[PDB]
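Below you'll find only one chain, the form deposited in one PDB entry, shown as structure tokens.
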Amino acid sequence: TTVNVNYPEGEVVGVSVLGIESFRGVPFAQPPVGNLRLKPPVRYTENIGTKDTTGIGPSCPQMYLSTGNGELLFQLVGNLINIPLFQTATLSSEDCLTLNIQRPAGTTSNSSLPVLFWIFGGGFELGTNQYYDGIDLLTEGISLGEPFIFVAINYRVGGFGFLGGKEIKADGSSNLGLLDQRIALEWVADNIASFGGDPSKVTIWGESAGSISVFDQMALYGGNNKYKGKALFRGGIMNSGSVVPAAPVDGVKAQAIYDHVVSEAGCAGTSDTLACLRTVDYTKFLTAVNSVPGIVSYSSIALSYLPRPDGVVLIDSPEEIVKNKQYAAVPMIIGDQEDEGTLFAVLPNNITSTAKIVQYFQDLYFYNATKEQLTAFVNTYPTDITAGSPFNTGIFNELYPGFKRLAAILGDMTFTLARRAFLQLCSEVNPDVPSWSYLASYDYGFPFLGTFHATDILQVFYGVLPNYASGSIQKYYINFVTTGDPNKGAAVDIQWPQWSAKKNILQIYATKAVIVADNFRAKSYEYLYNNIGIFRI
């Protein structure tokens, strides 16, 4: 059972399964290939005709594992995965600037439904909309009387989306993944009504790197989120990630990354290194950008690829963008999984003392923090086995001596207490703009990892397993997309208090939720807030 949409730019053949029409792999910009590799995305000028989108869309090139750093087993797999046969088997190519659109059966151009615009996460190195199907979430929306359009996009990750250095900067080529996101937003503004969505009711939603991207979209161009005189979105939902302090795109880390990629791509000593890169064949290029340290490794959260201030797209370090009121402030929901850091403390298992955590940070994370400052920060975290993450689990879950501590720290600085700082600053500069925040605990007891990073994809995005957490959060979100307030629309079980009222949040278990003070780990949070700037990665 198929279904045509015609829109200004082309038309589209989707599938209608159990009450849901799905269009997968709708092109939104020109394939960033040859000429257009390592260049900003470009809109389609001419009509692109009729594409069948009853299939499975492509992914952008992935970096699951480094081809040049980390344990040999991982390097081996990292290289094997890059061979054409596998790239082809996974539908991954530079031809990836496509999105998916899912809607309830029978929706028409006449329809004026709210839009839910999803940005996947994968440490800015991997990820794709291929395994983010909005069926369960849209199904709940219909069951609640609050139907919506679901849009899930691809964007360039790894060295295809976030290569930096002085050359990229001058080419105006910084932060391509963000621009892919932005241009996907503008495409939605031009085309989504044809699909029966209200382009004036777009809510952007992301997890991890996608959540950070949500804040970045709010920040883009000094907070100018306007397209043809109208805002590109009206609300934002952030799961695990917001502001990421970061040195400039032409900074030392990014330049070192760029020079290494250029060496591996076989482009050193050439006249235009950046021009040369676009000459290198895919496989060789993929291998070279993937050669740097990857998230699955000792390096962990000290990412090789991430958004960095360029001065136009990302005008400044995100924390300063907030303090200076240079972001589109919109109603927003932000949350964290209770144990965000555990996954990221698994590999750096030789970091087992304050002194070693400090060295680790000075080696890879924070070039503009003194040994003294970092030592102070880490010392706000007890060595006490019981104080670490997974939180509230006693002497248990210590994978290695110092694990729960490191997990606590990595999880707080990057996501959970970072979130509170974000909330605090936003409440100060834009007090009239509402926010709601929550903590997820529905996997309490899960050995070693607890309610760890990305568990929300299962429990919330897919509703597995079906329980109080699944119902409550889904309903809050769908409410928020519909009304711009999680407590408005369908009837809610607990009134979610605005964060700036008392600085309370919802803590959501499998069985129930409760309102609690967002003041845990106060000394750690204090130091981070008062010293946010030294934490630029």
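Just so we're on the same page, rigid core means the largest C-alpha set that superposes within 1.5 Å between forms. Numbering starts at 1 and follows the sequence shown.
The PDB entry records a higher mean C-alpha B factor for 264-272 than for its counterpart among 322-330 and 264-272. Stretches 500-508 and 32-40 differ in mean C-alpha B factor, with the higher average recorded for 32-40. Between the residues 461, 367, 155, 396, the entry's highest C-alpha temperature factor is the one at 367.
Per the deposited record, 50 carries the highest C-alpha B-factor of all listed residues (62, 66, 472, 50). In the deposited entry, the Cα temperature factor of residue 238 sits in the bottom third of values across the chain's modelled residues.
Among the modelled residues of the chain, residue 137 sits in the highest third by CA temperature factor in this PDB entry.
Among the modelled residues of its chain, residue 201 has a C-alpha B-factor that falls in the middle third according to the deposited record. Residue 516: CA B factor in the middle third of modelled residues in this chain (values from the PDB entry). Sorting the modelled residues of the chain by their CA temperature factor places residue 525 in the lowest third.
What follows is about the form deposited in another entry, which we do not show.
With the rigid core aligned between the shown form and the other one, only one of 479, 62, 470, 67 has a CA shift of 2 Å or more: 67. Shown in the overlay between the shown form and the other one, fitted on the rigid core, is a CA shift at residue 86 of 2 Å or greater. Annotation for residue 231: C-alpha shift under 2 angstroms between the shown form and the other one, rigid core superposed.
If you fit the rigid core between the shown form and the other one, you'll see the Cα of residue 381 move by less than 2 angstroms.
Between residue 296 and residue 69, the Cα distance is smaller in the other form than in this structure, by no less than 3 angstroms. In the other form, the Cα-Cα separation between residue 89 and residue 153 shrinks by 3 Å or more relative to the displayed conformation.
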